[PDB]
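Below are the chains, spelled out letter by letter.
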Amino acid sequence: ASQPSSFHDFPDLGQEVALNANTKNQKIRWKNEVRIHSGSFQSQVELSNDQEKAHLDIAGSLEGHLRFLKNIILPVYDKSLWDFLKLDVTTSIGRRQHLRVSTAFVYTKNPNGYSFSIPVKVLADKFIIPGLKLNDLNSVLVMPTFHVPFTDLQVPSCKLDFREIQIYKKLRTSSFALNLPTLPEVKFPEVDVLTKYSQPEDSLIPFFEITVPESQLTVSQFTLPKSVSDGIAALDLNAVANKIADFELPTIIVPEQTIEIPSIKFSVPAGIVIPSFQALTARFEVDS
């Protein structure tokens, strides 16, 4: 943001930059504009990329008061500029001269194009992908639920398929917490980690999206400069202070604190897409 002023109309400027990224949906817009004295300049660059189509567009506009230049004569030809050229408009007198250049690159693609997709069978609680059915190893393995020592985390039971590939849509995590004597004890509520088979809008690639839903964890309260124990020893800080100066510390209590776990999504390809050629076009124009 600039302030033009006297002495040949000081610069007037401005600049717009837009970036928005959604993986395969990448759109970039840039623009500059310049005004000074009796001339101005404006540049535009656009890059649009998406699943369907790609646009690359650049346009350059120039303006300049080159009237005087047009007011020229040719003694070698003994002819004037406008006369010799036989052009009057903007040449006989000379005018505010513009230069306009446009470049347009455009290509057509199919979002689904030529795509190889893994075979997926989806059920309410599981996904089944029929991979190679090699008979060399054991067909199945069953994993019983396990209690992790010193905690309340329960590992959900699972069945592992070797001939096919069996995934369980949602896995359940039991709650657990830390047991401490007056220290901040973090208590973990249950969270269900899921996997969804999706075809994103911003991305042409089919995916299995492993999603961990948000989780709120309860940190237990704790006492501070009143009397502190951590399971190894207990110390009365007020007693310590009274031992030295007969003055006891104010009591500090930190209440329970909730800590938020932002949701996270992991995408693994569920197939590839090769956009099929439909048309390629390029246009170049010079305008004087």
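Every chain here is numbered from 1 following its written sequence, a scheme that can differ from the numbering in the entry; residues without coordinates are not drawn. What you see is one piece of a larger assembly, and the values refer to that piece, not the whole. Here the side-chain values reflect all heavy atoms present in the structure, with hydrogen atoms and water set aside.

The deposited coordinates derive from cryo-EM, with the record listing a resolution of 9 Å.

Undergrad: Would you explain the overall build of the protein chain in this entry?
TA: When you go through the protein chain residue by residue, the secondary structure sums to three helices and 27 strands. Restricting the calculation to C-alpha atoms gives the radius of gyration, and the globule rule supplies 2.2 Å times the number of residues raised to the power 0.38. Here the protein chain has a C-alpha radius of gyration of 36 Å; the compact-globule value for 288 residues is 19 Å, and the former is much larger. Each principal axis of the C-alpha atoms in the protein chain carries an extent, and together these give about 110 × 80 × 25 Å. Summary of the burial criterion: residues with accessible area below 20% of their type's maximum are buried, those above 50% are exposed, and those between are partly exposed, where the area comes from a 1.4 Å probe applied to protein chains only. Burial status across the protein chain gives 21% buried among its 288 residues. Accessible areas in this description were obtained via Shrake-Rupley with a 1.4 Å probe; residue shielding takes into account the shown protein chains only. Approximately 19,900 Å² of the protein chain is accessible, and the part contributed by carbon and sulfur atoms is 63%. Two residue types count as positive, namely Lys and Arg, and two as negative, namely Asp and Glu; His and chain ends fall outside the count. Just so you know, the charge point we use is NZ for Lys, CZ for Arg, CG for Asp and CD for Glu. Charged side chains in the protein chain number 28 positive and 32 negative. The centres of these two groups are separated by 8 Å. Counting from the N terminus, the helices are DSSP H or I runs at least four residues long and the strands are E runs at least two residues long.

Undergrad: Explain the pattern of salt bridges to me, please; I cannot follow it from the model alone.
TA: Pairing between side chains of opposite charge can happen when their charged atoms approach one another. By definition here, a salt bridge exists when the distance from a side-chain nitrogen of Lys or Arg to a carboxyl oxygen of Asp or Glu is within 4 Å. In this structure the tally under the stated criterion is seven salt bridges. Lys187 is the salt-bridge partner of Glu256, the closest N and O atoms lying 3.0 Å from each other. Taken together, the residues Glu256 in the loop between β23 (252-254) and β24 (257-261) and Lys187 in strand β16 (residues 186-188) connect sequence positions 69 residues apart. Note on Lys187: relative accessible area 28%, which makes it partly exposed. Members of the salt-bridge network, linked through shared partners, are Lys196, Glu209 and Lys265.

Undergrad: What exactly am I supposed to notice about unusual backbone geometry here?
TA: Leaving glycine aside, a negative phi is the common case for residues, and trans is the common case for peptide bonds. Phi at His8 takes a positive value of approximately 75°, unusual for a residue other than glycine. Mapped onto the secondary structure, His8 falls in the segment before β1 (12-22). We note that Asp78 has phi near 55°; this positive angle belongs to a residue other than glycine. Tracing the sequence through the fold places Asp78 in the loop between β5 (73-74) and β6 (79-80). Residue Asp78 is classed as exposed on the basis of its relative accessible area, which comes to 67%.

Undergrad: What am I meant to see in the sheet that holds strand β9 (residues 121-122) here?
TA: Strands belonging to one sheet form pairs held by backbone hydrogen bonds; the direction of such a pair is parallel or antiparallel. If you walk across this open sheet you meet the three strands as β9-β10-β13, and the pairing is antiparallel. A single partner strand is all that each edge strand has here, and the edge strands are β9 and β13 (165-168). For two strands to be treated as a pair, DSSP must find at least two bridges joining them.

Undergrad: Help me understand the pairing of strand β26 (residues 271-274), please; the structure alone is not making it clear to me.
TA: Across the two faces of β26 the burial differs, with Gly271 and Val273 buried and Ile272 and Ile274 not buried at all. In the sheet, strand β8 (residues 114-117) pairs with β26 via four bridges, with the strands oriented antiparallel. By the bridge assignment, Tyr114 is partnered in β26 with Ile274.

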